[PDB]
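The analysis underlying the following values was restricted to heavy atoms, covering all of them including side chains, and did not include hydrogens, waters or symmetry mates. Within every chain, numbering begins at 1; the chains are lettered A, B, ... in the order of the sequence lines, protein sequences first and strands thereafter.
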Amino acid sequence: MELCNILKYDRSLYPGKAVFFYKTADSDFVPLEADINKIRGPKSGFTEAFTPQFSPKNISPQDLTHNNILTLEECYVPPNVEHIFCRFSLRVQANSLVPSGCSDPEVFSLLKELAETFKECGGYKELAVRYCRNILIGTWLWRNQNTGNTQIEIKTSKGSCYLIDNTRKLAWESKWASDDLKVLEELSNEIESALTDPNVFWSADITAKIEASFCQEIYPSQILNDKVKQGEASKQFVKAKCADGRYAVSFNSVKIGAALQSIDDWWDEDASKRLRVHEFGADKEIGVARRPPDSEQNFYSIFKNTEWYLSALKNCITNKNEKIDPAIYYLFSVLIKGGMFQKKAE
Amino acid sequence: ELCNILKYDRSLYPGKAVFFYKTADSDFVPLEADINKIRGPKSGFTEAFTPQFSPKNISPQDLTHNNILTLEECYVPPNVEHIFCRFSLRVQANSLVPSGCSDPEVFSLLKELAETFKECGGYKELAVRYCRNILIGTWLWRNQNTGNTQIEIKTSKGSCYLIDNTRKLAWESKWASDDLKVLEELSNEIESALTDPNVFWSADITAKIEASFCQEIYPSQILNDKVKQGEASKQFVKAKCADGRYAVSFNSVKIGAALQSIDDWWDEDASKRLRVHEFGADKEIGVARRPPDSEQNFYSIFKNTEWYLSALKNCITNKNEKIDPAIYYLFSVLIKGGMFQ
Amino acid sequence: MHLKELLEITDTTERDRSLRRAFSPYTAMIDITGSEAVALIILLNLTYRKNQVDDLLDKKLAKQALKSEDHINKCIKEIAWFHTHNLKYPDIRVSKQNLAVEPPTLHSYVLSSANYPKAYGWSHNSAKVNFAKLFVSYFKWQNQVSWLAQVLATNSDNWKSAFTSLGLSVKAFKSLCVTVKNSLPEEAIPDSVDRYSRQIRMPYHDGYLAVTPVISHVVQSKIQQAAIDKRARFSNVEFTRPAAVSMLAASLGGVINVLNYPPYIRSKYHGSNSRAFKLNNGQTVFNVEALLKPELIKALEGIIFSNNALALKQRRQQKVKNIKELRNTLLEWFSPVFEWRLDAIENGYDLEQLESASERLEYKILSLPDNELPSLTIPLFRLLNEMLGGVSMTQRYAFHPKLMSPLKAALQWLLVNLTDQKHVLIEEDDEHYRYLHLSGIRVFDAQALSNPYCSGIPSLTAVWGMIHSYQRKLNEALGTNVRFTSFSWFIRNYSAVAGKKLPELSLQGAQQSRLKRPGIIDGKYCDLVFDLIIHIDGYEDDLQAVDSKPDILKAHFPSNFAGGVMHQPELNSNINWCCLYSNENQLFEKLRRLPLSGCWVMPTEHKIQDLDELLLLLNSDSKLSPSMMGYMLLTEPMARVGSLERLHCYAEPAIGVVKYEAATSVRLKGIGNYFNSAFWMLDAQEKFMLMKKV
DNA sequence: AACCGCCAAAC
DNA sequence: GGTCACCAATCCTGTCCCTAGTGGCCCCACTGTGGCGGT
């Protein structure tokens, strides 16, 4: 097909905001607060001592023993606090069935037919399992993940209560216990229903409980300061302002969303790595695009061949032994992610 | 005919809809927006491709780089149970006679058409549609049915209407008896306000939404095509409180656009309800559902008032037959108001 | 000052930048009396693009343009589109119209284009924006403001040499001279009113007149050149494509400056005699201490035209207002203290710091009651001893009059309080009058730009028009004939609203009219909460016909204000928002219970002869604001196609001054002062319609 | 001839 | 049955330091919002 002047999708997954707190005998919510610490840092960089041609600079013998004055925000667990709690809410809507905006009615009707054919093949089941699996193993804790024995407790709006006793036992590829697979099975069915039924209103309350070590360091979201003054801190944290007047140290909604949608390992047949769902499959560690524009694996190349993929999906239910093309699984992960997939008027 | 520079004031006057929450101390704490700086991926078509769909000559790690985005965000504070969205609505009778006209012939015609449309009970149907848009919480736009929403309506007359849960209602679904009684009563009050110039009618409308933990709020976004490098590329419409604090809010025209999403007469089997427009402009598709070349647009229908007068003067006596949907669309546009040449 | 005073710079970039700034209408006019040839080269090189010209003193590409009679033809095509008033501001959809008229009648209290000599701007078509610069650019000849067409119209012999210095012919030059003199801007009035021109209804002889307000190029250009010099408080209005608007807008990159003087109402903290000493007519030391006098005694003895006693009374009339102002200044801080002590019954700003401040809320100034404190006065007499140390430190103590000033302050005490004044008024009539008090009115997104010069409060003509619409509806509803003669306006809350307004899709005009979005016009918008007091006249039959129908009075209250949406106070406020009053004491007893942070919008009687006097007068007093007063008519009322009424007229918005007086100042100044010097009326005359006092 | 083109820069 | 006693007092003498230093990398968005004369 042809890409329209307007072609929008609203995202399906809505993580609220993950707030770090702890509990006393008095209060069931005491917010974990950051404080500005001024520490002494050395001159350890390449450019401090060397030219771009790998020749030593003309510096005094005492210049490399001098320090940089660092103004950093620190977050530690208070002494003799046993457990730390990270809590966020997740709402799931059915926004991948119909584009939010579309200029061409032939493109609109085609994308509506593709979603309905993908729905009856049970394609949303496989995608819901991968989103659910990221919640149970605690991918969304990022650098706090498996720093202690973590218990994840999930309360859905249906009235279901799910419990993972220890996330250290679980992994993505490892063989799970009977009770842990039952939690993955039941919660995936509730997400699939929310992804596919516009009449269904579904939300979950997800809480991690981590066995804290003595005065352990917390790793929340950092704000993007490109330019910094000498007074203010070079490293600052994302904060949720509480109703009284206190700032709980927090994760961004987009940070939590990036963890849940770390499901893309279709880019190679023997791919070990799971990427955050991107149009070009950007690998931030290796610094390469795993779905380059030159390749047919990038989103815009797959999206223009959607007529050919709709043909293969209609031969899927007639057998239901042959699996769905991984290009189609990747396709619907981008529509669930949402975005603006617009070319222009030539 | 042309009508020679005709002019109508709008009938519906909504105010700014202000988002807030209540503590055990105060009954009004304004919901404030914070500026956050986040990474964005280079994921657009133009980042990687020429307008002929050919790969651009870029570096191997240009698509792994980020855009630095400065955006405004509004979240519910932690352990706050309910979000409150409140606005005021005034209704005046500006649809009966044109406020500005030249020819007394068309003035006499339109006044006669207005009062014969009133006598057949067309204003009741339009009032029902406007009232139904108020009761299901269309005016919450993207905050609609994100939690169990309770809508309270207080009137200047002294009435007090309550919808318990807006998730149980739709446009096409069959309601409970009490919710239909609320619809009937408030429709009668709005119709009375639309049809009689000698009554004052105001309403304070409040939505109470059961908030999820640190849930995102979706207020009105400002129009800015000359944003500076220091400012946020996405900002929100604010209302200053009694103190020097800004509550995040909806525009009056945003609420107005939601209340007047009643037009589904443009097709024989139209599922979508358009915002009342002279050419039936659809924001999602970006086409006109009543195009200028067709007979379905306002300026084509407005020339046949003399025939619609005859139809209504038969409809008033023959007791049962439904009014031509063109006349419903005609009066919906007259309630919207504007200048017609 | 002179042309080649700026040509002394060896760096061509700095030279040409200064020359392009010099010949732009947002700067002062340079003298070209000595330099005519070089002036013609740069003026004719300005006709090109910026990226087409490296240096403006290149002689050859000037001769390339001058020799080419496809280039000069375009420059003389653009003379017919020279306006005194820009019809394309701010909406550029006003299609192919030009308004060139003489300035209107000169008025003492308002500012318009009458206060300056007749200058021209250009506005036709963005494509030809450079081609106008040759014949519309203003310079200083001998000692006279002039542009090229006007100076070549008559005095050609002075410019013959300058034009023939490049190698232009005499035949071509004289044919160019006669065609330019024949193609001079005539008295251009449009034959029809445009669809996008704004029309309003003003009250004419025995009916209404359709008035189109158009900005003047001169007053705008003066405000722009005043804003670049950084002389007053200004805010910005940006345009998308400024060349389509005008040349003045094109020269400034579309960033037009407007006078930003909004009301400042704060809910928060109170932090001395401070308010007096700050008001500085007043006190501490000087402007104008000390009298020490001799000054006052000499003034009285000069005024002794007509008998020593009768003179002292005539001196007093001005000198008592001046002596009253001294007491009013002194009372400004006594007002603040009292104020606090009410709100509180607790506090000042700082209870101890107040008690410490020589002239603050003392438990001795606490009372006795206001009423009994004024009846006592005593406090006022004591404060005269304190005014041996502050309220004029040392000098001018027994000196011409200090006793008379002390007596005036002791009299003011009686006036400063309570349960006193009361009755007897020629206004309105009496047979009786009425006072309609509208309280706690909330408005969302009203136009802060009163006229396209000034930003701050909405227009007073907007408040008048709303009140007139309310009158018309009430008189047509009840079948009565009451008149809403005057109003007083008290602002409780004010806040500026950010962002522009997105226009909806409509058939936008071209060769083929297409359904699309119009151009986004930048504006200024405010949310404000206010009270109105309207003064109703008529027969008691009609008044008691009005008073008998409270629901029908409430019903016809308009919901529109200056483009914004206007609502009554919230249903849980428990505020009766539409009250009628027969007597003035009951109304003033209601009105002195207003919030103290709010501001009365008060009419002044200051005279202004040009912008610089207004700016000096604004730099003088911090509580004055330039605002819209009304319309100075340019053309004669006549039948025009597209008019709302029978007769149509083009008018100019007139700039006046208002005062943001505190609630306390109006409370202490007395009932008589409030009912005489707070009420606005529309003085509707033959050639002007202006808001004024009485 | 209906539709691509011309045109600006303040702090 | 009701109030919270008056009369005066706020100390003088000397000083706030020295050394050294506030990092590298990459990036800051795509959509739309024009009047007017002419070939």
Listed nucleotide nearest any side-chain atom of A/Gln342, set E/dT31, E/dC28, E/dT22: E/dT31
Could you tell me how far D/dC11 sits from E/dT31 if I compare only their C1' atoms? Round to whole Å. 30 Å
So, the side chain of C/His85 versus the backbone of C/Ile215: is there a donor-acceptor pair under 3.5 Å, distance only? yes
If you look at every strand shown and take non-hydrogen atoms under 4.0 Å, does A/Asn5 touch a base, only sugar-phosphate, or nothing? nothing
Distance check, P atoms only: D/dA9 and E/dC30, in whole angstrom units. 25 Å
Report the distance from atom CG of C/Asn260 to atom P of D/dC11, rounded to the nearest whole Å. 19 Å
Under 4.0 Å, heavy atoms only, any strand: does C/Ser251 hit a base, just the sugar-phosphate, or nothing? sugar-phosphate
With a 4.0 Å limit, can you tell me whether C/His124 has a side-chain N or O closer than that to the phosphate oxygens OP1/OP2 of D/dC7? no
Thinking salt bridges, do B/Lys226 and C/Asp522 make one under a 4.0 Å N-O criterion? no
Using a 4.0 Å heavy-atom cut-off, does C/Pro242 contact any base of the nucleic acid, only the sugar-phosphate backbone, or nothing at all? base
Look at the side-chain N and O atoms of C/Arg49 and state whether any lies under 4.0 Å from the OP1 or OP2 oxygen of D/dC7. yes
Does C/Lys88 make a side-chain N or O approach to OP1 or OP2 of E/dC36 shorter than 4.0 Å? yes
Tell me if E/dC18 and its neighbour E/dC17 stack, counting it only when ring centres are under 5.5 Å and the plane angle is under 30°. yes
Euclidean distance, atom NZ of residue C/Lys501 to atom P of E/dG32 [Å, nearest integer]: 26 Å
Report which part of the nucleic acid C/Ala250 touches: base, sugar-phosphate, or nothing (heavy-atom distance under 4.0 Å, all strands). sugar-phosphate
With heavy atoms under 4.0 Å as the rule, sort B/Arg39 into base, sugar-phosphate or nothing. nothing
In whole Å, I'd like the distance from the CD atom of A/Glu346 to the P atom of D/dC4. 14 Å
Within the structure shown, what part of the strands sits under 4.0 Å from C/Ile520 by heavy-atom distance: base, sugar-phosphate, or nothing? base
Could you tell me whether C/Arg93 and C/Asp91 have a side-chain N and a carboxylate O separated by less than 4.0 Å? yes
Between P of D/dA10 and CD of C/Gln220, the distance in whole Å: 17 Å
Tell me the interatomic distance from C/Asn125, atom CG, to E/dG38, atom P, rounded to whole angstroms. 10 Å
What is the distance, to the nearest angstrom, from the CD1 atom on A/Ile59 to the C1' atom on E/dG21? 14 Å
Quick check on DNA chain D: between C/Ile228 and C/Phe239, whose nearest nucleotide comes earlier from the 5' end? C/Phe239
Please look at the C1'-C2'-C3'-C4' dihedral of E/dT10 and say whether its sugar is north or south. south
Going by atom types only, do C/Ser95 and C/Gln97 share a side-chain donor-acceptor pair under 3.5 Å? no
Sign of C1'-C2'-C3'-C4' (positive north, negative south) puts the sugar of E/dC17 north
Using a heavy-atom cut-off of 4.0 Å across all strands, would you classify A/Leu70 as base, sugar-phosphate, or nothing? base
When the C1'-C2'-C3'-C4' sign is the only test used, does the sugar of D/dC4 come out north or south? south
Check whether A/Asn5 reaches the backbone of A/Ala345 with its side chain - one donor and one acceptor, N or O, closer than 3.5 Å. yes
Regarding the side chain of A/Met340, the nearest nucleotide among E/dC28, E/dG23, E/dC30 is E/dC30
With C1' as the reference atom in both, quote the distance from E/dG37 to D/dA1 in angstrom, rounded to an integer. 14 Å
Students should be able to answer this: classify the pucker of E/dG34 from the sign of its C1'-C2'-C3'-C4' torsion, north or south. south
Between B/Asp62 and B/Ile58, is there a donor-acceptor pair closer than 3.5 Å when you use the side chain of the first and the backbone of the second? no
Can you tell me how far P of D/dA8 sits from CD of C/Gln224, to the nearest Å? 19 Å
For A/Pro42, report the nucleic acid contact type (base, sugar-phosphate, nothing); a contact means any heavy atom under 4.0 Å. base
A/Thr47, nearest nucleotide to its side chain (from E/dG24, E/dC27, D/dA9): E/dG24
Using a 3.5 Å distance criterion without hydrogens, assess whether the side chain of B/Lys42 forms a donor-acceptor pair with backbone atoms of B/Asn66. yes
Please determine whether a side-chain nitrogen or oxygen atom of C/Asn236 lies at a distance below 4.0 Å from atom OP1 or OP2 of D/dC11. no
Classify the nucleic acid contact of A/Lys344 as base, sugar-phosphate or nothing, counting any heavy atom under 4.0 Å across all strands shown. sugar-phosphate
Nucleotide E/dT31, atom P - distance to NZ of C/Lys516 in whole Å: 16 Å
Touch class at under 4.0 angstrom, heavy-atom based, for A/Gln62 against every strand present: nothing
Using atom types as modelled and distance alone, determine if a side-chain donor or acceptor of A/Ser221 lies under 3.5 Å from a backbone N or O of A/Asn252. yes
Would you say A/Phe54 has more than 12 foreign heavy atoms packed within less than 6.0 Å of its CZ? no
Given E/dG35, E/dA20, E/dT33, which nucleotide is nearest the side-chain atoms of C/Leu502? E/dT33
Considering every strand and a 4.0 Å limit on heavy-atom distances, what is the contact class for C/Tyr26: base, sugar-phosphate, or nothing? sugar-phosphate
Can you tell me how far P in D/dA10 sits from the matching atom in E/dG35, rounded to whole Å? 26 Å
Base, sugar-phosphate, or nothing: which does C/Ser95 touch, judged by heavy atoms less than 4.0 Å apart? sugar-phosphate
Sugar-phosphate, base or nothing in reach of C/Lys230, heavy atoms under 4.0 Å: nothing
Between E/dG34 and D/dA8, how far is it from one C1' atom to the other, in whole Å? 14 Å
Under the convention that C1'-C2'-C3'-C4' above zero is north and below zero is south, what is the pucker of E/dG35? south
Select from A/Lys8 and A/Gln230 the residue whose nearest nucleotide in DNA chain E is closer to the 5' end of that strand. A/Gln230
Nearest of E/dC27, E/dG23, E/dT31 to any side-chain atom of A/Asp226? E/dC27
Side-chain N or O of C/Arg21 less than 4.0 angstrom from OP1 or OP2 on D/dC11? yes
Of B/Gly44 and A/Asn67, whose closest DNA chain E nucleotide lies nearer the 5' terminus? A/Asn67
Counting only Watson-Crick or G-U wobble pairs whose two distances fall under 3.5 Å, which nucleotide matches D/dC3? E/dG38
Counting only side-chain nitrogens and oxygens, does C/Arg241 get under 4.0 Å of the OP1 or OP2 atom of E/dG34? yes
